Each structure stands twice: as structure tokens, then as C-alpha cells.
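Okay, structure first, notes after.
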Amino acid sequence: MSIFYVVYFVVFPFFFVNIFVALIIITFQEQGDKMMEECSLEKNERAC
Amino acid sequence: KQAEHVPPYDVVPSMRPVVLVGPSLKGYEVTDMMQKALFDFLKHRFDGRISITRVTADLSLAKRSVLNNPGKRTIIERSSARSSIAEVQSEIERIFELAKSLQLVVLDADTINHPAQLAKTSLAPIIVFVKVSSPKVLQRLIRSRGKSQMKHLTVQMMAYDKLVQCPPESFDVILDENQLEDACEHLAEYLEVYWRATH
Amino acid sequence: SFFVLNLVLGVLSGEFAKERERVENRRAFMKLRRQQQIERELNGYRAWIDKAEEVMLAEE
Amino acid sequence: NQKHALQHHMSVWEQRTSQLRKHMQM
Ligand SMILES: CC(C)CCC[C@@H](C)[C@H]1CC[C@H]2[C@@H]3CC=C4C[C@@H](O)CC[C@]4(C)[C@H]3CC[C@]12C
């Protein structure tokens, strides 16, 4: 019966949770700017 | 300057007939099935306003300055009496009168594979090209057809590359779409405006 | 516990983003993209074959 | 579709990954 729990752990807390984390990471809209054409040529060198 | 004496005015049919070329040699399973789907839309969309005809003989040799009367009679037993030019020369008037009725006529010849072969004919229909964006889908599409088609795949791909080299300009219109409705609407829109362009 | 987890997640995500743009990874992704594009263009053409085939049998 | 008639809300990840690619070939 420990096969069920091993499969469950491999699926939900190991894979789906990391799927949620990755999806939130790669689709995070910028909050401070909320602008379209702030520099239109670069993003990091603005501070530089 | 009587060696050629190209006329300024050439007799042409009242309505342009319809010819579909591509994507390879006609008369095979893949190309007959690929081109046939377009006709069924024409029948259903233009029902009661379109004439559908199929011609089996060759048409690339439809010239205008061959001779005064090549093969006038079949009893003289000349070279052209037993040749195939007698029937071909007779059927060029058949398409002329069909378009004279101010109605569209489709052409389903099994000998046209390039607009350059129909660049010296007074009939001069509408050249419509159905082409795939990439060559890589052709071989995969051939594989699903059957074992017989794979045997002729070498000649099937021979015309695809050659037909690509033809100026799009040479073709009257292009169909680079891949679905039914977009291709059906694109073809109907050109002809519906063309239908009102003749009236 | 929380701060170290945040730092680990940030460093790992940055490294993944940096390493996704290597030449081999870009080549593999381009191969996958071209496979998907070919499949997408091939699926649309298959509709023509079935639609034509249905009509001819219907009209015999 | 814009050719058929003829004939920047990206996330931080998207922006950074796009900029990281055009600066990699050199
Ligand atoms: C795509 C997803 C939904 C697949 C899910 C598969 C899961 C639910 C399957 C795959 C392997 C399975 C296990 C395989 C073996 C055993 C031992 C048996 O004596 C009781 C059932 C038990 C414990 C099964 C329970 C269900 C199980 C864990």
C-alpha cells in the first residue's frame, strides 16, 4: 500500500506544486512600472 | 516581318475558364484528391451558375500558327490523320463556345502541370495554385497515402520543386491557406467580384 | 528557513533562465518548434483529404 | 492573417530572457 503514497508524493507535492511555482515565476507582470515604452531599447541599463 | 507576325488582337473566350495546377503531377492519388476538394465547393456555392466539365486529352499544344489545315480529313491517311491532333483541335472550339454563354466553366485536364505550358494558348483560363509552405510535409503526406504512392514519390517530388520555381506572378491567384473555410472564402471572394466584374 | 528558501528559489530560477539560452538548448527548442510547426501545417491539410473523400462517396 | 488580406505586456521573465538571447550570439 506504500506504492499509492509514493506515487501520490511523486505527482502532487513534487511536480504540481513546482508547476504552480514555475507558472507564477514565468508570468509575473511588473508592478512598479506598469508602462509599455519606459525606455523601449533596454531595461537594465536605465539604472546604469 | 512575316516570319512570325504576332497579331495584336487574339480571339479569347468571353469568360475565363478555371484551371487548377499543383502541387505535383496530376493523375495521381494525392494530386487528384488534393485538387478535387476545391471543385465541390464551386458546385455547392455557385449551383445553377457554374458548368463542370472534364477533358482527358492534352492541351499544352494548343497553338494558333501551326498550318493552314493540319489534318483536315482522316481519309488522306496523312501523318496527322492517325495522330491525336484531330480531336484536340476540335475540342478547342468546345471550350470557346462554353464560355461564350457568359457562364463559368471549369477545366479538369490531366496534362497541365506548369503555367509555362499554358502560356501559348488562346483559351488562357485562370491559373490557381495550391501549394504547401514547406516541402517537408509532402513526403509525410505521401506516406499516409499508401504503398503505391511511395513507389512514385521520386517523380511526385520532382515537379514540386520545379513548380515552385515559377513566378507567383505567373499564377493568376495563390492559395497558401491550409483549411477549408479560409480557402473556400478566398476563392469565392475573387470569383464573386469577378462575376460582378463581367456584368 | 523562509529567507534561505527565497534565496534558493531566486538563484535557481535565475540559473534556469540563464541556462535556457545556451546554444544546445536553443537548437533543441528550435527543433521542437519546427516539428510542431510542421505538424500544425500538416493537420490542416488532412481535413481537405477527408472532406473531399466524403463528398465523392456521397455523390458516388 | 495580416498578409491574407494583403493578397509589450511581457512579464519580467519574458523580457529578461529575450534580452539575454539577443546578447548571446555576439
Ligand atoms: C495519470 C494519473 C491519474 C495516474 C494515477 C496512477 C495511480 C493512481 C496508480 C498507479 C499505480 C497504482 C498502484 C499499483 C499497485 C498497487 C498495489 C495493489 O495491491 C493495490 C493498489 C496499488 C497501491 C495501486 C494504486 C493506484 C496506483 C497508485
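Residues are referred to by chain and number: the chain letter is A, B, ... according to the order shown in the C-alpha cells, the number counts from 1 in that chain, and ligands are numbered separately from 1 in the order shown.
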
Could you list, as a VMD selection string, the residues of chain B having an atom within 6 Å of chain C when counting only C-alpha atoms? chain B and resid 37 178 to 179

Neighbours of ligand 1 at 6 Å or closer, counting only C-alpha atoms and all ligand atoms: which residues, as a count of residues only? 4

Per-residue nearest contacts chain A to chain D, cut-off 8 Å, using only C-alpha atoms, as a tab-separated table:
```
residue	atom	partner	partner_atom	distance
A:25	CA	D:13	CA	7.4
A:26	CA	D:13	CA	5.3
A:27	CA	D:11	CA	5.5
A:28	CA	D:11	CA	5.2
A:29	CA	D:11	CA	4.5
A:30	CA	D:12	CA	6.3
A:36	CA	D:8	CA	6.0
```

May I have the residues of chain B within 12 Å of chain D, counting only C-alpha atoms, written as a count of residues only? 15

Taking only C-alpha atoms into account, report as an mmCIF file with N, CA, C and O atoms, in the first residue's frame which residues of chain A lie within 12 Å of chain C.
```cif
data_model
loop_
_atom_site.group_PDB
_atom_site.id
_atom_site.type_symbol
_atom_site.label_atom_id
_atom_site.label_comp_id
_atom_site.auth_asym_id
_atom_site.auth_seq_id
_atom_site.Cartn_x
_atom_site.Cartn_y
_atom_site.Cartn_z
ATOM 1 N N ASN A 18 5.575 22.456 -7.836
ATOM 2 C CA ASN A 18 6.622 23.125 -8.595
ATOM 3 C C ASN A 18 6.091 23.681 -9.908
ATOM 4 O O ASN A 18 6.600 24.692 -10.398
ATOM 5 N N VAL A 21 4.651 26.979 -8.867
ATOM 6 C CA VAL A 21 5.719 27.937 -8.592
ATOM 7 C C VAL A 21 6.336 28.441 -9.890
ATOM 8 O O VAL A 21 6.561 29.646 -10.059
ATOM 9 N N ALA A 22 6.611 27.534 -10.829
ATOM 10 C CA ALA A 22 7.200 27.931 -12.102
ATOM 11 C C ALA A 22 6.252 28.814 -12.901
ATOM 12 O O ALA A 22 6.679 29.797 -13.514
ATOM 13 N N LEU A 23 4.960 28.480 -12.911
ATOM 14 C CA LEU A 23 3.998 29.287 -13.652
ATOM 15 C C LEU A 23 3.891 30.689 -13.070
ATOM 16 O O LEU A 23 3.769 31.669 -13.813
ATOM 17 N N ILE A 24 3.925 30.807 -11.742
ATOM 18 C CA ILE A 24 3.909 32.131 -11.130
ATOM 19 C C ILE A 24 5.201 32.880 -11.442
ATOM 20 O O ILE A 24 5.195 34.100 -11.643
ATOM 21 N N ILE A 25 6.324 32.164 -11.498
ATOM 22 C CA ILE A 25 7.611 32.810 -11.746
ATOM 23 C C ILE A 25 7.670 33.371 -13.162
ATOM 24 O O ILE A 25 8.062 34.524 -13.373
ATOM 25 N N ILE A 26 7.272 32.571 -14.157
ATOM 26 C CA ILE A 26 7.473 32.961 -15.552
ATOM 27 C C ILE A 26 6.391 33.878 -16.094
ATOM 28 O O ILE A 26 6.517 34.357 -17.227
#
```

In Å, rounded to a single decimal, give me how far atom CA of residue B:101 is from atom CA of residue B:88. 21.3 Å

Rounded to one decimal in Å, what is the spacing between atom CA of residue B:112 and atom CA of residue B:22?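 Separation between atom CA of residue B:112 and atom CA of residue B:22: 9.0 Å.
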
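Backbone DSSP of chain D yields alpha helix (DSSP H) at residues 12, 13, 14, 15, 16, 17, 18, 19, 20, 21 and 22 of chain D.
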
So that I have them on file, write out the residues from the current selection with N, CA and C atoms, as a PDB file, in the first residue's frame.
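So part_38.pdb came out as:
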```pdb
ATOM      1  N   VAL D  12       8.411  39.935 -16.522  1.00  0.00           N
ATOM      2  CA  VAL D  12       9.830  40.168 -16.270  1.00  0.00           C
ATOM      3  C   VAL D  12      10.660  39.024 -16.834  1.00  0.00           C
ATOM      4  N   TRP D  13      10.177  37.790 -16.669  1.00  0.00           N
ATOM      5  CA  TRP D  13      10.880  36.631 -17.207  1.00  0.00           C
ATOM      6  C   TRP D  13      11.009  36.724 -18.722  1.00  0.00           C
ATOM      7  N   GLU D  14       9.920  37.082 -19.405  1.00  0.00           N
ATOM      8  CA  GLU D  14       9.950  37.156 -20.862  1.00  0.00           C
ATOM      9  C   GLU D  14      10.921  38.228 -21.339  1.00  0.00           C
ATOM     10  N   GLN D  15      10.862  39.416 -20.735  1.00  0.00           N
ATOM     11  CA  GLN D  15      11.760  40.496 -21.132  1.00  0.00           C
ATOM     12  C   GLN D  15      13.215  40.110 -20.905  1.00  0.00           C
ATOM     13  N   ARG D  16      13.528  39.598 -19.712  1.00  0.00           N
ATOM     14  CA  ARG D  16      14.914  39.266 -19.405  1.00  0.00           C
ATOM     15  C   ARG D  16      15.425  38.136 -20.287  1.00  0.00           C
ATOM     16  N   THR D  17      14.599  37.119 -20.542  1.00  0.00           N
ATOM     17  CA  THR D  17      15.033  36.011 -21.380  1.00  0.00           C
ATOM     18  C   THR D  17      15.187  36.416 -22.839  1.00  0.00           C
ATOM     19  N   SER D  18      14.334  37.314 -23.339  1.00  0.00           N
ATOM     20  CA  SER D  18      14.506  37.817 -24.697  1.00  0.00           C
ATOM     21  C   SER D  18      15.769  38.659 -24.821  1.00  0.00           C
ATOM     22  N   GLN D  19      16.041  39.510 -23.828  1.00  0.00           N
ATOM     23  CA  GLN D  19      17.246  40.330 -23.872  1.00  0.00           C
ATOM     24  C   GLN D  19      18.506  39.486 -23.706  1.00  0.00           C
ATOM     25  N   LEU D  20      18.430  38.412 -22.918  1.00  0.00           N
ATOM     26  CA  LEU D  20      19.569  37.526 -22.719  1.00  0.00           C
ATOM     27  C   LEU D  20      19.938  36.762 -23.982  1.00  0.00           C
ATOM     28  N   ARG D  21      18.990  36.578 -24.900  1.00  0.00           N
ATOM     29  CA  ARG D  21      19.235  35.824 -26.122  1.00  0.00           C
ATOM     30  C   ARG D  21      19.897  36.669 -27.202  1.00  0.00           C
ATOM     31  N   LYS D  22      19.415  37.896 -27.411  1.00  0.00           N
ATOM     32  CA  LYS D  22      19.995  38.762 -28.429  1.00  0.00           C
ATOM     33  C   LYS D  22      21.393  39.241 -28.057  1.00  0.00           C
TER      34      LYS D  22
END
```

Kindly provide, as a list in words, the residues of chain C having any atom no farther than 10 Å from an atom of chain D, counting only C-alpha atoms. residues 13, 14, 17, 18, 20, 21, 22, 23 and 26 of chain C
